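A short write-up of the structure that comes next.
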């Protein structure tokens with residue numbers, strides 16, 4: 001029993017972390033096989049972050065303009081290319097610690113684990129969700145960019161996130177591992193701001209199933225709702241609309257507890273209208289939206305405390 | 001000028017079409033390199049479509065239980081495996097007509113081209129959209145299953161759809177090219193029904209841009225709307241909610257016409273409240289939802305009739 | 001259903 | 001913006 005934000009074990013990612021320096025800028029890269037991956041803004045005059053032209057800035061660099069440091073060993077850079085908002089540095093040594101891995105582009109509402117590093121040395125691991133507005137609520141100081149997010153399926157590390165920047169609200173933005181930003185954001189020092197966010201309804205419902213699986217039923221009710229009438233309420237409380245596909249996804253959790261998904265939505269609807277006051281659900285004073293159904297299945301017993 | 005449902009040219013797909021027979025069942029397969037892909041229900045006693053067990057049914061078959069016919073040539077099947085709801089038949093000849101291709105899983109609202117075949121010979125090509133409820137509005141007679149949908153990027157054929165069945169409403173269901181159904185549907189003869197559908201709002205808006213690019217402005221107005229107030233109207237008319245990401249996507253069409261996306265949404269909102277009566281938009285008496293933004297860019301001039 |  |  002218990003339910004905690006739980007991160008994947010970070011071992012296989014840690015063995016891939018290196019330091020990349022260009023000029024006076026130092027940040028982290030991700031050494032897989034013979035390639036290190038990092039934010040292209042490693043090349044940038046921190047004065048022309050204002051309006052960088054990267055193609056133009058990159059052509060001015062050779063191979064030996066970059067230093068890759070893996071522990072106390074220097075890696076020789078023997079090629080380089082820009083892929084969207086990342087650099088692909090070809091080093092002379094394949095990484096012996098290279099896990100089986102996929103690059104994956106994660107979808108809003110999904111979670112991943114973040115291995116925060118500084119100077120190519122890992123300092124901490126935490127969990128977070130891709131918000132609907134394409135930001136993460138991370139914890140990042142300067143020199144953290146190139147820090148990565150990941151999930152682990154079996155022994156296979158699916159990388160989904162590499163860190164580029166912080167926004168005026170103190171939330172975070174970056175790219176997939178092909179260098180494609182999450183959200184409408186760019187790797188220039190300009191006025192950009194997180195869009196309005198919504199609560200992830202799929203996740204809230206899943207976490208309400210988690211509560212029941214662990215043995216709490218206090219928030220349930222003798223009521224059901226149509227999909228559509230749930231959504232008039234969702235909209236008013238700034239929750240994402242529920243879809244039939246979201247209903248489908250909650251299939252197993254609902255089979256495991258015996259609460260029909262629209263029964264749970266009815267209970268959600270009431271939580272939003274009457275509050276919780278005084279009471280908690282899995283410890284929480286509030287309704288939690290950063291656990292997917294997959295995360296609930298992963299961590300709870302496949303047997304309900306009935 | 002003009003705007004037509006326009007399908008991709010079907011040549012490269014046609015050269016991959018074959019006939020697969022098991023027992024008394026004949027349908028179409030897709031021969032790429034040394035593999036033919038078809039609906040696994042090719043193996044089925046049309047009496048135990050009612051409750052098939054495919055693993056159990058497949059183990060009872062050898063390699064030579066299947067005949068693959070390519071034109072007037074027989075292909076020898078030298079291996080076979082079930083991948084979800086498809087069969088992968090290994091033949092002794094690689095297809096010389098094999099285009100460069102990807103297998104792709106398409107997302108609701110997207111369109112693709114359908115090459116309808118019977119007995120491994122192609123009979124017709126049309127366009128359609130993956131509906132929100134995971135059905136297509138196709139035109140299919142018996143012996144059409146294994147017929148494929150596809151898009152073409154350059155000279156690369158991205159296959160997205162292989163046809164399995166028809167529903168009580170006369171709409172269609174199938175799988176990606178890894179055999180994963182679109183929608184909650186199964187390849188058994190049982191009671192299943194298309195879920196409630198919604199109109200694809202992204203597509204409607206895009207097609208309203210197409211109208212302006214071709215030279216029609218009649219439906220525009222001096223009004224704007226918030227994202228959120230558009231959606232209270234969308235919901236009431238059973239349109240999909242508009243997202244900020246959908247706003248982003250309409251970026252270029254809106255740049256090209258000079259109409260801000262929320263300006264267009266305002267004009268949409270009014271079309272839904274006042275009707276059109278008497279007037280048409282690109283020929284159409286009604287609001288069309290089966291052209292994406294990509295399809296509009298593809299087919300219109302990159303110069304507006306101003 | 002109608003398997004085509 | 002703050003590039004970290």
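Derivation of every value follows stated rules applied to the coordinates shown; laboratory data play no part. Cβ atoms come from the backbone with ideal geometry, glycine included; neighbour counts cover every protein chain shown.
Here are some notes:
- Estimated FRET transfer efficiency (residue B:76, residue B:193; beta-carbon r; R0 41 Å; 0.05): 0.50
- Rg/Rh ratio calculated on Cα atoms of chain A (Kirkwood radius): 1.04
- Relative to the longest principal axis of the Cα atoms of chain B, the long axis of helix B:227-236 makes an angle of roughly 60 degrees.
- Degrees between helix A:201-214 axis and first principal axis of chain A (Cα, 0 to 90, nearest 10): 60
- Tilt relative to chain A, helix A:261-274 - C-alpha long axis, 0 to 90 degrees, to 10: 90
- Compactness of segment B:91-231 was expressed as the Cα radius of gyration divided by 2.2 N^0.38 Å, which yields 1.27.
- Relative contact order (%) - segment A:153-286, alpha-carbon pairs under 8 angstrom, separation at least six: 20
- Figure legend: label point modelled 7 angstrom from the Cα of residue B:33 along Cα→Cβ; residues of segment B:136-175 with amide N under 18 Å from it are B:156-160.
- Rounded, prolate or oblate (a/c below 1.5 giving rounded, otherwise prolate when a/b exceeds b/c) for segment A:1-100 by Cα gyration tensor: oblate
- Approximate spin-label separation residue B:306-residue B:67, in nm, with each point projected 7 Å along Cα-to-Cβ: 6.5
- GNM result for chain A, Cα springs below 10 Å: residue of A:211, A:173, A:191 fluctuating most strongly: A:191
- Chain B: calculated mean residue ellipticity at 222 nm from DSSP helix runs of at least 4, using -39500 (n - 2.57): -6000 deg cm²/dmol
- Residues considered: A:82, A:276, A:162. Largest GNM mean-square fluctuation over chain A, using C-alpha springs under 10 Å, is found at A:276.
- Label-zone membership for segment A:165-208, site residue A:270, 7 angstrom Cα→C-beta point, backbone N under 19 Å: A:204-208
- Per-residue Cβ neighbour rank within 10 angstrom, fewest leading, A:21, A:45: A:45, A:21
- Estimated inter-spin distance, residue B:55 and residue B:222, nm [label 7 Å along Cα→Cβ]: 6.9
- Size check on segment B:198-301: the Cα extents along the three principal axes, sorted descending, read 34, 33, 27 Å.
- Separation of segment A:3-45 from segment B:236-306 is 43 Å, based on Cα centroids.
- In this rough spin-label picture, where each label sits 7 Å from Cα along the Cβ direction, the residue B:286-residue B:93 distance is 4.6 nm.
- Its convex hull of Cα atoms gives the protein assembly as shown a direction-averaged projected area, equal to a quarter of the hull surface, of 32.4 nm².
- Alpha carbon Rg of segment B:216-268, scaled by the compact-globule rule 2.2 N^0.38 Å: 1.10
- Most mobile listed residue (A:56, A:33, A:176) in chain A, GNM with C-alpha springs under 10 Å: A:56
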